[PDB]
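As a plain string of letters, each chain reads:
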Amino acid sequence: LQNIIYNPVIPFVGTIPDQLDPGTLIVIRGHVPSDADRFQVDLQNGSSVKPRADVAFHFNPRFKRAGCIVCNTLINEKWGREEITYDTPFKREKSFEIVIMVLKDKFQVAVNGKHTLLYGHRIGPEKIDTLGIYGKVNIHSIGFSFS
Ligand SMILES: OC[C@H]1O[C@@H](O[C@H]2[C@H](O)[C@@H](O)[C@@H](O)O[C@@H]2CO)[C@H](O)[C@@H](O)[C@H]1O
């Protein structure tokens, strides 16, 4: 892996040091605290807060009740149509590895070595230059594999 970041402070907002071309991997290892309600990994067009940076891919594990993962896109401060995955591999008090693979028409995400979901591009992946991680999560490392 390339351009590795260790033990970042959350919230983390960092520049992605190269293009997200097809085959590019974003690898995030961490653990979920016992009191987690939710956390999110956001692939963003910049880091503006006013107006809020568009979020090409919002990947949002939620932990209340049975749990789920919500995915969405934010364009001009409006959320689009949510895509919900009910078969969530995340658990409070457990470590994880998220691998996001960028493909031509979509993202593919695997967690703990098992395929989890797909998310079709709504914003051109060329516009993504920023990785945001927010919420109740502890991140051990972030790494990239650029194609
Ligand atoms: O879609 C991603 C965003 O969801 C927002 O919450 C939604 C909620 O998921 C939905 O069920 C409904 O109640 O509308 C809410 C407001 O749009 C979160 O606030 C936001 O952080 C994103 O996760």
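Within each chain the numbering goes from 1 in written sequence order, not necessarily matching the entry, and residues lacking coordinates are not shown. Where side-chain values are given, they derive from all heavy atoms of the structure, hydrogens and water being excluded.

- As recorded in the entry header, the structure was determined using X-ray crystallography to a resolution of 1.90 Å.

Remarks on the packing of aromatic side chains
- Under the pairing criterion, centres of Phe, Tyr and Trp rings, with the six-membered ring standing for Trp, must be within 6.5 Å; the plane angle then separates stacked pairs below 30 degrees from edge-to-face pairs above 60, leaving the rest tilted. Counting across every chain of the model gives nine aromatic pairs.
- Summarising the aromatic geometry, the rings of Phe59 and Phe90 are spaced 6.1 Å apart at their centres and angled 70 degrees between planes, so their arrangement reads as edge-to-face. In this pair, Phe59 is assigned in strand β5 (residues 52-62) and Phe90 in the loop between β8 (83-85) and β9 (95-102), connecting sequence segments 31 residues apart. Residue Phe59 shares its accessibility class with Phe90, and that shared class is buried. Numbering goes from the N terminus for both helices and strands, where a helix is a DSSP run of H or I of at least four residues and a strand is a run of E of at least two. Exposure categories follow from relative accessible area, calculated using a 1.4 Å probe and restricted to protein chains: below 20% of the type maximum is buried, above 50% is exposed, and the middle band is partly exposed.

Focus on the pattern of salt bridges
- We define a salt bridge as a contact between a side-chain nitrogen of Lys or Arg and a carboxyl oxygen of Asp or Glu at a distance within 4 Å. Enumeration according to the criterion identifies six salt bridges in this entry.
- We note a salt bridge from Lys114 to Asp87, for which the minimum N-O separation is 3.9 Å. Taken together, the residues span a long stretch of sequence, with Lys114 in strand β11 (residues 114-120) and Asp87 in the loop between β8 and β9 at a distance of 27 residues. The two residues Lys114 and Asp87 agree in class, both being exposed.
- Here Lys127 ties to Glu126 by a salt bridge, and the two come within 3.1 Å at their closest N and O atoms.
- Exposure remark for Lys127: the relative accessible area of 42% places this residue in the partly exposed category.

Focus on the sheet that holds strand β1 (residues 2-6)
- For two strands to be treated as a pair, DSSP must find at least two bridges joining them. Pairing within the open sheet is antiparallel, and its six strands lie in the order β1-β13-β3-β9-β10-β11. Looking at which strands have only one partner, the edges of the open sheet turn out to be β1 and β11. When strand polarity is set aside, the average angle formed by the axes of neighbouring strands in this sheet is 15 degrees.
- Summarising the sheet, strand β3 (residues 25-31) and β9 pair through seven bridges and their orientation is antiparallel. Pairing of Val27 across the sheet is with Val99, part of β9. Every angle, taken between N-to-C directions, lies between 0 and 180 degrees, and every axis is a line fitted to C-alpha atoms, over only the stretch in contact when it is a helix.

Let's talk about the environment of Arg62
- Note on placement: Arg62 falls in strand β5.
- Linking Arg62 and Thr88, residues 26 residues apart in sequence, is a C-alpha distance of 8.9 Å.
- By the convention used here, residues are in contact when the closest approach between their heavy atoms is within 4.5 Å. Discounting residues that sit within four places of it in the chain, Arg62 has contacts with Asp37, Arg38, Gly67, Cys68, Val70 and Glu82.
- Counting of polar contacts relies on pairs of N or O atoms within 3.5 Å, with two restrictions inside protein: one atom must be capable of donating a hydrogen and the other of accepting it, and residues adjacent in sequence are counted only when both atoms are side-chain atoms. A polar contact of 2.8 Å, which involves the side chain of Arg62, links it to the side chain of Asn60.

Here's the deal with the layout of surface pockets
- The space that makes up the largest pocket amounts to roughly 170 Å³.
- Only protein atoms enter the 1 Å grid, on which a cavity is a set of points fitting a 1.4 Å probe that cannot get out and a pocket is an open set with protein on both sides within 12 Å along at least 5 of 7 lines, lining residues being those with an atom within 4 Å of a point. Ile16, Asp18, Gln19, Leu20, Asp21, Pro22, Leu103, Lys104, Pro125, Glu126 and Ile128 together form the lining of the largest pocket.
- Basically, the charged four are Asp, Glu, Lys and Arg, the nonpolar ten are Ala, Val, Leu, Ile, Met, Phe, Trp, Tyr, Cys and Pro, and anything else, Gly included, counts as polar. Of the residues contributing to the lining of the largest pocket, the split by class is six nonpolar, one polar and four charged. Grid points are joined across faces, edges and corners, and a volume is the space filled by probe spheres set on the points.

A look at the environment of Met101
- Mapped onto the elements of the fold, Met101 is located in strand β9.
- Taking the C-alpha atoms as reference, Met101 lies 15 Å from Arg29; in sequence the two are 72 residues apart.
- The residues contacting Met101, other than those within four sequence positions of it, are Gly23, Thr24, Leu25, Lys106, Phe107 and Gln108.

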